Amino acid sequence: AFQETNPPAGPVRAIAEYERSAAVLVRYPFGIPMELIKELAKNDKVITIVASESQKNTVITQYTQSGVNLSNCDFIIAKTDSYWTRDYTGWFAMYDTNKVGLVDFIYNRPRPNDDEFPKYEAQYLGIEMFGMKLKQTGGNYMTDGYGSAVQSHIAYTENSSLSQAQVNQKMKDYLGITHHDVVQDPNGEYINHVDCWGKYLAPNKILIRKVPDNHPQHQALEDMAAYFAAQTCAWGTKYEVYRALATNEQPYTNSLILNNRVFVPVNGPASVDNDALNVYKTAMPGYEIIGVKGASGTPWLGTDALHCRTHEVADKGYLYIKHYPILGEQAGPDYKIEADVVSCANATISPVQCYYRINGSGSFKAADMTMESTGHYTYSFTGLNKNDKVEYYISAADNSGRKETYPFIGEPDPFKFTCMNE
């Protein structure tokens, strides 16, 4: 039976895919090209699931043949049914102020070895695991990191003995989801996973598939894009909605955000791939976008591509910056920013800075933020005149060697506001 547990001690907050990742999880026998594993292992830790010591040795030889950086490769020995690590591996959440935990669930497939796998993931990472008794799949889940999550309708229809209030309450208790947005899938295919048509790229940005006017799903996808563009996001502005045109069922929304890199599956034509990559680059300033060709033996599909066959792994020692930015026209008369910073590594934080620029003058300048109370840092912009333009971002570091900015990418994409008070 599924191992349901109590939920984590609160407050709880699900970690978004665009927050720091300490690794990426993949599985052998493989469903991804070796070129992707090589690109991943250049800068990130790759954890490969294998069934035995013998399969570990087989994978090390294949990685060596392909020129993969073995110093960034680790293994978990566990039986698995499939390579869809997106769908059956555990979900990450912060809880109890400064801890990172794993959330297990009932995988919505008759794949009992995949379903059992999250306990091995939590044991490898040395983190606690909580069992949320819902039939779920990670491909059908995404969070903004501020309490919202989007899922297709199967989150309710595959949990039909529970009311929507009961399903919503489990997402609140185990993942800190205060808005569980369960929508009718707009894609007209069997899988009903959000990652085949939608992807948060930041707390204020969402990518939505677009198809030609006469495609049968055209209006459902336009309605979905208009729904996000019409509502407020976690940063108080309306969502920025970006569109990836699939002229022929290319899975352009099925990308992986891993730290400052974005891996986008491409399967042509080349000009249409370039257009899709340039949407990601436009939406995500400062990120490095990589178009990834599929493996010939396990190609990318419209309903199953790169995001489906990977899962980011959160940092157990995450240096977490919580910030609601000051954006756009600001009435004033005060312009005060606040950021909460917590070290899940239990390391002393020093320094916490605001990097800023006024009216585009010179370079960004750092100012130390004031620690008002443990983990709560503030900064007031002084001497600002009407119509002054401010660019800023947050930086923090701790004694474990971690360094983080808010927004994630830092200086390439600062927050901006205009002073309106005289």
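For every residue, the number given is its place in the sequence shown, counted from 1.
Read off the CA B-factors in the entry, average them over 372 to 380 and over 23 to 31, and name the higher stretch.
-> Per the PDB record, 372 to 380.
Check the entry's C-alpha temperature factors for 183 to 191 and 279 to 287, then say which stretch has the higher mean.
-> It is 183 to 191 that shows the higher mean C-alpha B-factor.
Among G145, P325, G268, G138 - the residue whose C-alpha B-factor is largest in the record | Spelled out: the listed residue with the top C-alpha B-factor is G268.
When you compare the CA B-factors of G332, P251, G101, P203 as listed in the entry, which one comes out on top?
-> When the deposited C-alpha B-factors of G332, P251, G101, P203 are compared, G332 is largest.
Taking the C-alpha B-factors as the PDB entry records them, is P407 in the lowest, middle or highest third of its chain?
-> Bottom third by C-alpha B-factor.
Comparing against every modelled residue in the chain, figure out the third that the C-alpha B-factor of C344 lands in (lowest, middle or highest).
-> According to the entry, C344 has a C-alpha B-factor in the chain's middle third.
What third of the chain, by the recorded C-alpha B-factor, contains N214?
-> Answer is middle: the recorded C-alpha B-factor places it there.
Compared with the other modelled residues in the chain, in which third is the CA B-factor of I60?
-> For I60, the deposited C-alpha B-factor lands in the highest third.
Using the B-factor values recorded in the entry, state whether the Cα atom of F417 falls in the lowest, middle or highest third among the modelled residues of its chain.
-> Middle third.
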